[PDB]
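Structure first, then comments.
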Amino acid sequence: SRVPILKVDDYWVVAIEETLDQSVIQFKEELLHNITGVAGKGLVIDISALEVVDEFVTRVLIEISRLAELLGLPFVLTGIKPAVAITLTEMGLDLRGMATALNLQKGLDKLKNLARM
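Read in order, the letters of the sequence shown correspond to residues 3 to 22, 24 to 120 in the authors' numbering.
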């Protein structure tokens with residue numbers, strides 16, 4: 003448990019910070036364990052802390068995204084600067100077709116708005 007996984011109003015909230024690499028595997032595993040245990044209304048993951056995004060991180064984000072979809076868990080990715088949007092898309096993450104938001108607040112609001120409909 004290095005990367006904290008928070009729960010707010012039944013939404014999972016995670017912010018990924020710079021890591022000095025197997026802890027990303029460790030993080031993905033713990034997150035997946037959590038979101039398949041107690042039900043939650045959705046998942047927000049913020050990556051604003053990452054100066055560059057790795058091929059490794061990208062694959063973790065693709066897997067979390069696919070599983071969230073299979074689980075029926077609304078998912079929003081937040082804090083994505085232009086340069087990182089380019090890299091993620093080039094490495095196979097479909098940014099256009101997924102929910103993204105500017106920050107954690109916007110992320111949380113987006114999920115609640117979609118649901119309240």
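A virtual CB, placed ideally from N, CA and C, is assigned to each residue, including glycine.
Can you round the beta-carbon distance between residue i and residue j to whole angstroms, since I take them to be within the 8 Å contact cut?
i: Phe78; j: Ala88; result: No, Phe78 and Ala88 are not in contact; Cβ-Cβ is about 17 Å, not under 8 Å.
i: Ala52; j: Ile18; result: 6 Å
i: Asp112; j: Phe59; result: Between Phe59 and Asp112 the Cβ distance is about 30 Å, and since that is not below 8 Å, they are no contact.
i: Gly110; j: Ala104; result: 4 Å
i: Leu76; j: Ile38; result: 6 Å
Given that a residue counts as buried once 16 or more other Cβ atoms are within 10 Å of its Cβ, and exposed if not, what is residue i?
i: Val10; result: exposed
i: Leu73; result: exposed
i: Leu22; result: exposed
i: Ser68; result: buried
Relative to the alpha-carbon of residue i, which residue among the options has its alpha-carbon at the smallest distance?
i: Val15; options: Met94, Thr81, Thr61 and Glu93; result: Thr81
i: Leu8; options: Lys44, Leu22, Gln25 and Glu20; result: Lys44
i: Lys31; options: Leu22, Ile48 and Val41; result: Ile48
i: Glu93; options: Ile50, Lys115, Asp57 and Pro6; result: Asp57
i: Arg4; options: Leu34, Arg69 and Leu117; result: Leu34
i: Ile50; options: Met120, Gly100 and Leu91; result: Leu91
i: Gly100; options: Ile65, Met120 and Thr39; result: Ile65
i: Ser26; options: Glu54, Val63, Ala102 and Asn116; result: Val63
i: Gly40; options: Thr61, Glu20 and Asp12; result: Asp12
i: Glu20; options: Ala42, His36 and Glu54; result: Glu54
Residue i bridges to which residues according to DSSP?
i: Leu46; result: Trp14 and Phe78
i: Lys9; result: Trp14
Is any heavy atom of the ligand FAD found at a distance shorter than 8 Å from the C-beta of residue i?
i: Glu58; result: Absence of the ligand FAD is noted for the structure shown, with no ligands found whatsoever.
query = Where are the beta strand (DSSP E) runs, 3 residues long or more, that stay fully inside the stretch 81 to 105, in chain order?
reply = 102 to 104
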